[PDB]
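Undergrad: I'd like to ask you about the structure that follows.
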Amino acid sequence: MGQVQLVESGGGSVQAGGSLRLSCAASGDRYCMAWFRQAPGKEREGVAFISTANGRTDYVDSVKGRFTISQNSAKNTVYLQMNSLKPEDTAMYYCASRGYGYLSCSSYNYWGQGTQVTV
Amino acid sequence: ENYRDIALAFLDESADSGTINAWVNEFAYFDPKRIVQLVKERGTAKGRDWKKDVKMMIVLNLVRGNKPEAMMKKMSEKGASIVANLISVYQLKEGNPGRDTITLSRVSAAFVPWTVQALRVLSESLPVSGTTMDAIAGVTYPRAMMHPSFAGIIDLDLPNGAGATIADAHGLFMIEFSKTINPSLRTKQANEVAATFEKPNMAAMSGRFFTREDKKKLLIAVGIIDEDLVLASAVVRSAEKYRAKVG
C-alpha cells in the first residue's frame, strides 16, 4: 500500500520499424514523470521525462526524435509514443516520479511494475 | 608482521593541509527547537533582552555572514563590542554546527518569521542587493525571498504546486547567493549551482517544525500568497525564469 501507485501498459512484440503506445495510470497524487527502460543483462537507463508544469520535456540521446512523451492532465495518465522501434529498444519500460521541484533530471521515489516490449 | 612499525610509518605520511581540509568539508552536519531554547535560556541566565538580541544576531547574520570572529576584525568598536557580547552569552561559533551549537545562520533560520520582515528593510544592504534581484527577474523580486531561511516556511504540499512554484521562485535567488559566497561557483552553470544547495534547502522545506497552516499564514502576511492562495505575479515570473535557467 503506497501513497503513489503506477501501472504501465501497452507493451508487446512489434517488428523493427513499427510503433506502439505505452500508457501509465497514476494513483495517489505535480511531479516530473520519466520513462525508464532496462534491457535484459544491461543496466536500467532513462528514456524520456517531462517537467511538472508540462513546459519542458527531454528525451535521452538514443531515442530523441523517435520517441514522444506526453500526459493528459485530466485522466492523470502518462503516455510514451515510440516510433521507428529498433531491436536495441527491446526492454522493460518503467515510470517514475522522484523528488520535487528544483532540478529536472534526478536519477534512481515511486515505480511501477513495468511492461515489456520486444523488437 | 610487526604492527608497531605499521602505525609508526604514519609519522612519515602526508598530512596535506589541502586534502585534510577537503575531507572535513564533505563530512558536514538540522535543529530548530533546540536553537530557540538555548538562546532563551543562556540569554536570560545572563539577564539580557534575548528577544532584542535575536533581532541583532539576525541582522548581523544578514549583513556580515556566519563568521563572527572574522567580521569583528572589520567593524567599528561600537559594533564589535556588541558582537563580543552576543558571542559570550550565546556561545556563538563560526559554522559547521553540532547538536547544541548556536550559529548566526541557525539563529536566522530558527527565527525566520522575523528575518522575513527584516528583509523588507535590508534589501539594499544585503550581499546581493534587492535591485540586483529586481534585474535578474523581470519584476520586483519578493523581498521575503532574499535569504535561504525562507525555505523553512515553504510548504511544497500546497495545492496546484504553488509550494513547488514558490520553491522554484526562491531558487532564482539561491543560485546567485551561492555564487557570491563561493567564488569557485561563479564560472559554473545555473544548473550546476542549483545542485549544490537543493539538498539542505529541501530538508528545510520538508521540515515539520512549522505546520502547513503556519507556513500558509506566514506567506499570507508577507505577501507571497493571499487568503485565496493566489501567488503574486513576482513569484510566478521568477519561478519560470528559474525553470528556464535549469531547463
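Chains as they are written, first to last, in the deposited numbering: chain B, 1 to 29, 33 to 111, 117 to 127; chain A, 4 to 32, 35 to 252. Even for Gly, the Cβ is constructed at its ideal location relative to N, Cα and C.
Are the segment 192 to 206 of chain A and the segment 72 to 89 of chain A touching, with three or more C-beta to C-beta distances below 8 Å?
TA: Segments in contact, no.
Undergrad: Is the segment 91 to 99 of chain B touching the segment 41 to 56 of chain B in the sense that three or more CB pairs, one from each, lie closer than 8 Å?
TA: Taking one beta carbon from each stretch, the segment 41 to 56 of chain B and the segment 91 to 99 of chain B have 3 or more pairs nearer than 8 Å; the two touch.
Undergrad: Just curious, the beta strand (DSSP E) that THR123/B is in, first and last residue?
TA: First-last of the beta strand (DSSP E) with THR123/B: 123 to 125.
Undergrad: Taking a contact to mean a Cβ-Cβ separation below 8 Å, would you say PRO37/A touches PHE214/A in this structure?
TA: Yes.
Undergrad: If I follow the unbroken beta strand (DSSP E) through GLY49/B, where does it start and stop?
TA: 48 to 53
Undergrad: Which one of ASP61/B, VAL14/B, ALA26/B, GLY104/B has the shortest CA to CA distance from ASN75/B?
TA: Measuring from the Cα of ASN75/B, the nearest candidate turns out to be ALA26/B.
Undergrad: Quick check: the Cα distance between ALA174/A and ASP8/A, rounded to an integer number of angstroms?
TA: 59 Å
Undergrad: By the criterion of Cβ-Cβ separation under 7 Å, what are the contact partners of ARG33/B in chain A?
TA: Here the neighbours are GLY166.
Undergrad: Between the segment 105 to 122 of chain A and the segment 51 to 67 of chain A, can you find at least three pairs of beta-carbon atoms closer than 8 Å?
TA: yes
Undergrad: Tell me whether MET1/B is buried or exposed, calling it buried when 16 or more other Cβ atoms sit within 10 Å of its Cβ.
TA: exposed
Undergrad: Buried or exposed: which applies to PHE13/A, given that a residue is buried once 16 or more other Cβ atoms fall within 10 Å of its Cβ?
TA: Burial call: exposed.
Undergrad: Given a cut-off of 8 Å on the beta-carbon distance, is the pair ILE159/A and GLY168/A in contact?
TA: yes
Undergrad: Which one or two residues does DSSP pair with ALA94/B in a beta bridge?
TA: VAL125/B
Undergrad: Quick one: what's got a C-beta closer than 6 Å to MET150/A's C-beta in the same chain, skipping five residues either side?
TA: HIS175, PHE178
Undergrad: Tell me whether the beta-carbon of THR170/A lies closer than 8 Å to the beta-carbon of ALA244/A.
TA: Result yes, Cβ atoms of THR170/A and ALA244/A sit closer than 8 Å.
Undergrad: For the segment 148 to 164 of chain A, enumerate the residues whose C-beta is nearer than 8 Å to any C-beta of chain B, in chain order.
TA: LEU161
Undergrad: Is there contact between the segment 180 to 190 of chain A and the segment 204 to 220 of chain A, where contact requires at least three CB pairs shorter than 8 Å?
TA: no
Undergrad: Tell me the rounded alpha-carbon separation between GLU29/A and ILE72/B.
TA: Going from the Cα of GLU29/A to the Cα of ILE72/B covers about 38 Å.
Undergrad: So the beta strand (DSSP E) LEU20/B belongs to, where does it begin and stop?
TA: 19 to 27
Undergrad: Using a C-beta to C-beta distance shorter than 7 Å, which residues of chain B count as neighbours of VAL59/A?
TA: Residues of chain B passing the Cβ test: none, with the nearest at roughly 30 Å.
Undergrad: Quick one: which chain A residues come within Cβ less than 8 Å of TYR103/B?
TA: Here the neighbours are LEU161, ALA169, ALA172, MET207.
Undergrad: Under 8 Å by Cβ, that's how I've got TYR62/B and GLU203/A pegged, so tell me the actual separation to the nearest angstrom.
TA: Not confirmed; about 23 Å, so no contact.
Undergrad: For a cutoff of 8 Å on Cβ pairs, would you count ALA200/A as touching chain B?
TA: yes
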